[PDB]
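Below: the structure, in structure tokens.
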Amino acid sequence: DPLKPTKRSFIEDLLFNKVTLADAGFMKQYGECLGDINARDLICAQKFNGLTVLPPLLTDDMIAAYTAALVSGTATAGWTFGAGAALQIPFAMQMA
Amino acid sequence: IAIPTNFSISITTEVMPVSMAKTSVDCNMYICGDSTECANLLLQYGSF
Amino acid sequence: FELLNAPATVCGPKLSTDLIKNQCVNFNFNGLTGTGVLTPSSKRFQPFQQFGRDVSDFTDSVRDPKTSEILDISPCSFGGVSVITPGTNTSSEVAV
Ligand SMILES: *[C@@H]1O[C@H](CO[C@@H]2O[C@@H](C)[C@@H](O)[C@@H](O)[C@@H]2O)[C@@H](O[C@@H]2O[C@H](CO)[C@@H](O)[C@H](O)[C@H]2NC(C)=O)[C@H](O)[C@H]1NC(C)=O
């Protein structure tokens, strides 16, 4: 949506809502863990024991950009951009 | 013979895992924590 | 006798020091030795309880023998580190 701040599509927003990803982000500062000891956070416990999770190279925004490019290509060009150079075609004729 | 006369446009979802969490282990941290004696014993034990 | 699981009133001839907090130290509480950072705790120990353990059986809290304050114990080491190099043959300069 050009207006909304998400930068992803509506269905993608719903899908990202459906799945519970536990902790958001891959950064957990030492001060954060020490200041919230009372809440026995699982991530703090596993980080204090040498187990770390590394962020994916492609961010969710980058993956959404790839998906948007794929959708736009199939809408404007269709199948022709998978073989050579994307060739424009009206969507109704692609449907035909 | 049976011949269809009408049709529907169906949209179905296929959910496919693509990747899992990338993880790494500080072997010394997990096995020994912050103990120096345990670290030396782990060195002597062998680096798997 | 029992050693490191309950309050004690018989102790070896050792000299106590001042309580240092928010600094990585080598600590010895009633004979239990270790390395960690000590912080004030919100836990409420019963009179018959001296130590507290987390799900990993790591001693994560302790009642100060002198002030009766409850202190949380945290590991000193924490945080992922990675090294970026262009190749030792090319250069000895790295990013971290
Ligand atoms: C244990 O004793 C300490 C120290 O108080 C006394 O005076 C010292 C100079 C020394 O002679 C000790 O052996 C004595 O017990 C008590 O510590 C209190 O708490 C604060 C915080 O660290 C300390 O600085 C103060 O000196 C003490 N406060 C007082 C005396 O009002 C501590 O409370 C005693 N604990 C028990 C369980 O009796």
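Residue numbering restarts at 1 in every chain; chains get A, B, ... in the order shown in the structure tokens, and ligands count up from 1 in that same order.
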
Per residue of chain C within 10 Å of ligand 1, which atom pair is closest and at what distance in Å (one decimal), using only C-alpha atoms and all ligand atoms, listed by chain and increasing number, as a Markdown table?
```
| residue | atom | partner | partner_atom_place_in_ligand_line | distance |
| --- | --- | --- | --- | --- |
| C:18 | CA | ligand 1 | 22 (O) | 7.6 |
| C:19 | CA | ligand 1 | 22 (O) | 7.7 |
| C:64 | CA | ligand 1 | 37 (C) | 9.0 |
| C:65 | CA | ligand 1 | 37 (C) | 6.6 |
| C:66 | CA | ligand 1 | 35 (N) | 4.0 |
| C:67 | CA | ligand 1 | 33 (O) | 4.9 |
| C:68 | CA | ligand 1 | 37 (C) | 6.7 |
| C:69 | CA | ligand 1 | 21 (C) | 9.6 |
```

Residues from last step as file, C-alpha atoms, as a short mmCIF file (atom, residue, chain, number, x, y, z; two decimals), in the first residue's frame:
```cif
data_model
loop_
_atom_site.label_atom_id
_atom_site.label_comp_id
_atom_site.auth_asym_id
_atom_site.auth_seq_id
_atom_site.Cartn_x
_atom_site.Cartn_y
_atom_site.Cartn_z
CA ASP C 18 32.58 -5.20 51.10
CA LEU C 19 29.68 -6.13 48.83
CA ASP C 64 23.51 -11.97 51.92
CA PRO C 65 24.72 -13.55 55.20
CA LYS C 66 25.22 -10.13 56.83
CA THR C 67 22.54 -7.72 55.58
CA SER C 68 19.97 -10.45 54.76
CA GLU C 69 19.49 -8.74 51.39
#
```

Give me the residues near residue C:93 as number ranges by chain, where near means some atom within 12 Å (using only C-alpha atoms) and where sequence neighbours in that chain fewer than 6 positions away do not count.
C: 83-87

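Within 7 Å of stretch 18-33 of chain B, once only C-alpha atoms are used and residues closer than 6 positions along the same chain are dropped, the contacting residues are residues 49, 50, 51, 52, 53 and 54 of chain A; 39 of chain B.
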
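Interatomic distance, atom CA of residue A:59 to atom CA of residue A:34: 28.2 Å.
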
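Inside stretch 2-93 of chain A, the residues DSSP reads as strand (DSSP E or B) when given the backbone are residues 51, 52, 53 and 54 of chain A.
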
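As for atom CA of residue A:48 and atom CA of residue C:72, they are spaced 14.0 Å apart.
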
Set the cut-off to 10 Å and count only C-alpha atoms: what are the residues of chain C that reach chain B? Output as an NGL selection string.
:C and (34-36 or 75-78 or 80)

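Counting only C-alpha atoms, residue C:7 has the following residues at most 9 Å away, ignoring those fewer than 2 positions along the same chain: residues 4, 5, 9, 30, 47, 48, 49, 50, 51 and 65 of chain C.
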
Taking only C-alpha atoms into account, report as JSON, numbers by chain which residues of chain C lie within 12 Å of chain A.
{"C": [21, 22, 23, 36, 37, 38, 39, 40, 41, 42, 43, 44, 53, 54, 55, 56, 57, 58, 60, 61, 71, 72, 73, 74, 75, 76, 77, 78, 79, 80, 81, 82]}

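One finds atom CA of residue A:74 at 19.9 Å from atom CA of residue A:61.
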
If DSSP is run on the backbone, what residues of stretch 6-82 of chain A are helix (DSSP H, G or I)? A reply as a PyMOL selection string would be ideal.
chain A and resi 10-18+30-35+42-47+60-76+80-82

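In terms of minimum interatomic distance to residue A:25, A:43 ranks closest within A:43, A:65, A:93, A:11, counting only C-alpha atoms.
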